[PDB]
Structures are given as structure tokens and as C-alpha cells.
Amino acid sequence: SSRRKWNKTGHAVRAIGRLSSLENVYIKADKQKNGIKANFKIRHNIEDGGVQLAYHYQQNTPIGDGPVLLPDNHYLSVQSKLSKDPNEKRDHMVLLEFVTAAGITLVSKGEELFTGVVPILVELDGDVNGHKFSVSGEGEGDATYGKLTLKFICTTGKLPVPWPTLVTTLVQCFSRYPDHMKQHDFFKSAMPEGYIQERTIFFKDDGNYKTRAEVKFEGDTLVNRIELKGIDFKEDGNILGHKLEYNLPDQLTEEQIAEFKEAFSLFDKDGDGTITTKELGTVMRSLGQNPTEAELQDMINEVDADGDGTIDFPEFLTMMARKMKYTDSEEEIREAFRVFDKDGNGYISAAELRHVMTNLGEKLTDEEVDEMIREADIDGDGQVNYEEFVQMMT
């Protein structure tokens, strides 16, 4: 009951953390190559706790000479679910994805090829620190909903890396672009002749992959053929040591939605179901920071699916769900901690916790504060240190 207001305030601080990071797939025109480039960061949960980050840089250039659509800057937003087929004995992965374009606030000939369900084949040959492997995958895509359903088999036996590290490499032409962004869909404009997709992926504190793929129609089927080379991986790191989680629970208790609704209400001060730049600004000032109008617009734009310039309740819930599913880096948890630890000493005092509360919404004269400190205070000093904070928040 005072643990309830940690959750509330914790979620709010986590929401502001989210709105200040860059989590989507960022796309920009590359006129020199008549294509596009992208960059983004992927988070892979480490089974025993922590996150393995994978930084991606990407380049796409058309295989043919027809004109292609070169986009304004925007992003793709991906939801992925990995599972296992219980009748499959081979090393494998079942993958369901939804991908939508956004990032531009309120139609090519190649888009015609994607109006129904299109079969897909994927073939990958890889070599990571000398361990070679192959993967084949098959399924279908339905661009109308930005949807993909595929099964992948390692045809060479055991995969020497974790399956989740290969998801990005294993057909963005299946993304759903909304009506007002059709002119930014490079991927389908290149079809049917297709495009070359190249990446380098840096796994932090570890090795990297370098990939080259050809994505084109062969007959009625959209085919993605890839080579991958990985080097400099550590034999006891998260990749070659198989320490990454396969299965993230797409949980969402009704309890969790209710707790997100509670944090949503700190931002949504007029109770209209949507967070405006004025509301988000109010909250951020009240926490000390002092952002311009432009920054507030960019923050909202990072999670604003419909492009209306506001974060509505369901867009907030989606954002909070992804933020809880994927582990934060140590730097990010430290930033959250700093919002409470105003003086920087490494310890949240009854006083510091009050300031943050007063300033954020809650009325709470000294008594309920004390109970909050006590609830989180493992070592008994009457203060909350980092490690106690980290435990409070899981």
C-alpha cells in the first residue's frame, strides 16, 4: 500500500527514461546509393539478469534500375514473439512479428505485390568464430497488418549462437506503412527485382556480425538469402556461452495494466486519456529538467503510433509493456536512481524521496514517506542505496 506508490513513481521515472531513449528502427535516405540506411539498438535479455545490447548499422541498395521511393526520416516499430514447435526435434525457432512504420506526424507499383498473403523463404549461411552453420526458414507475410509468421530450422545441427541474435538478420518489405507514409516505403518500391541489405551488428563487450543479403521475388515467393560472418566473440560471453533468454514472457497481468494506468495518470493531469507536450513538460520541470518544446515533440514522436502529437493511453501501455519486457542497461538504471538521489551521494534519503513525491503529484506528509524508505531499506540505515533500489524495482 506504500509499495503501491513505489511502483507508481518507479513507472513514471521509467516512462521518462523510455521517452528519452531511442528504441526504434531509424531509417534515412541514402541518395548516393539510391537507397536507405538504418541504425538501431536491440536488447537481448541475459538469463541470469542484465541485458546484452546489439548495435546495428544497415544499408540497402536496389538490385534493379527502376526508380525507388527514397524516404524522409522515420522509424519502424517491431513486436516479436519467439516460440518452439513441440513436435520439432531439430534445432529451430518459430517467429511471429508485427512491424509498423511511424515517426512522421499527421503508393508505388511494387506495393501491389504485397496486398495479400505472400509466401516467404529464408536461407542463411553463417560462420561465427570459425563455427559454421546454416538456417532455412519458411512462412508468410501479410503487409496489410505488418505481419510475419515463420519457422526456421538449423539445417547443420546445433546453432553455435542463440537464436535471438539472428532475428534481425533473418524482410522489411512486409512492414505496414500507414496511409500518410506510403511515399516513404523504399522496401516495396524496390520490388520485384529487390534490394541488397548489408549490416554490421556490434554486440557490446563482445564480437560483431557482418551480413549481406539479397531480398527479391523468385516467382510468387519473397526470398531472403543471407551470408553472415561473426568475429572476435568471447568463448565465455553471452553469445558463444548461450546465456541469452530465448523466451520473453509477453505477460501483462491485469495487475500490471492497472499499475501502468496509475503511472499514466501522473502525466495525464487533465484526465482526458492522452498526454500532451504541455503535460509531459509539466512533469519534467517538476522533476528538475527543463526541455524545449522541440524536445518534448521528439520524445512523444518516439512512441506516438498514430502521429497525432500526443501519447494516448493505449500508446502508453504499449510503450510501458515493451519497457518492462526488455531489461534496462546499468547506465539506465543509474539514471533512474539519480532522479531520486538528487545530491548524488549514492543514497536516497527520506527528504530526497519527499521532494520527488511532492514535485510529481502525491500529497504525503512525512509519515507515509518513512514507510516507503523502510519497505525498500534492506540494510537498516534509513536510506535507499543503489542495490536496494535495483531490488525494489524487480
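The first residue of the shown sequence is 1; numbering continues from there.
A chain break between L106 and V107 is present, corresponding to 10 or more residues of the deposited sequence without coordinates. Per the record, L170 and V171 are separated by a gap of 1 to 3 residues from the deposited sequence that were not modelled. Checked against the record, the higher mean CA B factor of 139-147 and 247-255 lies with 247-255. Per the PDB record, of the two stretches 280-288 and 121-129, 280-288 carries the greater mean B-factor over its C-alpha atoms. When all modelled residues of the chain are sorted by CA temperature factor, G194 is found within the middle third.
Sort the chain's modelled residues by C-alpha temperature factor and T318 lands in the lowest third, per the entry. The deposited CA B-factor of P62 belongs to the middle third of values across its chain. Among all modelled residues in this chain, the alpha-carbon of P71 has a temperature factor (C-alpha) in the lowest third.
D304 sits in the lowest third of its chain by CA B factor, as recorded in the PDB entry.
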